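Given as structure tokens, the chain that follows is alone and in the form deposited in one PDB entry.
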């Protein structure tokens, strides 16, 4: 039974939803959480989709070491020194001090790029396109939250190297679109594609692209995934070079990208679609789409009810519906109703003795709570149609929620007003770091830049000025409070 209310105490609601749905168990180490099968199945679904898509682009999976030597991690300016407090260091095996401390990967640039340098011995060795599914550790300073901000997390990280900037540029947007597909088509979460400002972009790259989602309940936006064009920044640092085809004796530096997406996805799904009855799973990622529960309780008559439930589950597996028959005798129908509702199963298939004799059943959709009596003969078609509509409804409702909470403002006064109402807002922005710092300080709790959107809500007025008082606007920029 879900106790807490989403609009009252979000922290309590979230904790209750992730535990009662059997997604998460708490660990004795801060910021670490056990991913039980219910949570892990969602990651496997995201993985199956994304992996097949990057394979089509020619990306190959690999596995690089988790340990990075002190030398390698600090070899070059791969990361700003401000990341130092996030690195977890192994310093001994048993009671025996290691000659040099070793770091647990916070990301794999420093481990992969020296290998890239060895492997690139001519123009013929490019492109290199590698991905790995692995765990990552960062000793996060912010309050830890299951999925959203964890000390250990699962991710994929892709790292590509090309001869030309144009090849690289294409991939950045192709991957970002895949991330947008993960959120919008799998998880039914609308996102805003954009580029990070000078201040917020990855310091090791030329430009950073991002997808941003919004969590209404929190009044906070969240970065869903990241895709960088690194340019020649890392290839100059690690000497990833090839001979110029036309001119003898000239070095050419490889163009590089990196991109990543994490189990944060599941938290966003939870925060966006979850209600006061628990988790709500988009049909596309639900490992159980339909749960069959026998209702009502002769000895031979119960055998026939079970047989009908088994008939429904056999037929549903025939049309590639992911179905579970909960034929357990140790649990009451009521318990089961609640159990699978908390777990967010899109459709409950109720079979009673009364409905069975009328050659019919009841379909209860998780999202709206709507109950539909349908005839037995149309089980395959109707249930597949309801699953499709649940997926559409979840996306539609979240889209209207984003449309409501993301508006335009052109002055600092209206900006403050809209941000304090629990919304994010697109403002004319000069792009300066000075001004961005100033925006953060004045609104503080303080609003941060999220992205410069690819497709802003409004076009910029001819000669429009920044929310500042000294500079013209370069672009509409999405600002808000964030995770």
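Residue numbers count along the first chain shown, from 1. Rigid core: the largest C-alpha set superposing within 1.5 Å between the two forms.
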For the stretch from residue 444 to residue 445, please bin the deposited residues that the model skips: none, 1 to 3, 4 to 9, or 10 or more. 10 or more
Can you tell me how many deposited residues have no coordinates between residue 297 and residue 298? The categories are none, 1 to 3, 4 to 9, and 10 or more. 4 to 9
Could you check which stretch, 286-294 or 129-137, carries the larger mean CA temperature factor in the entry? 286-294
State which stretch shows the higher mean Cα B factor in the entry: 350-358 or 112-120. 350-358
Taking the Cα B-factors listed in the entry, which of 390, 307, 176, 254 comes out highest? 307
Which one of 149, 196, 302, 159 shows the top CA temperature factor in the record? 302
Considering only modelled residues of the same chain, in which third does the CA B-factor of residue 187 rank: lowest, middle or highest? lowest
By the recorded C-alpha temperature factor, relative to the other modelled residues in its chain, which third is residue 340 in? lowest
Chain third (lowest, middle, highest) by recorded CA B-factor, residue given as residue 225: lowest
Considering every modelled residue of the chain and its Cα B-factor in the PDB entry, is residue 61 in the lowest, middle or highest third? lowest
By the record's CA B-factor, is residue 467 among the lowest, middle or highest third of residues in the chain? highest
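From this point on, the text means the form deposited in another entry, which you will not see here.
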Determine, with the core as the superposition reference, the one member of 245, 333, 114, 144 that shifts its CA by 2 Å or more between this form and the one not shown. 245
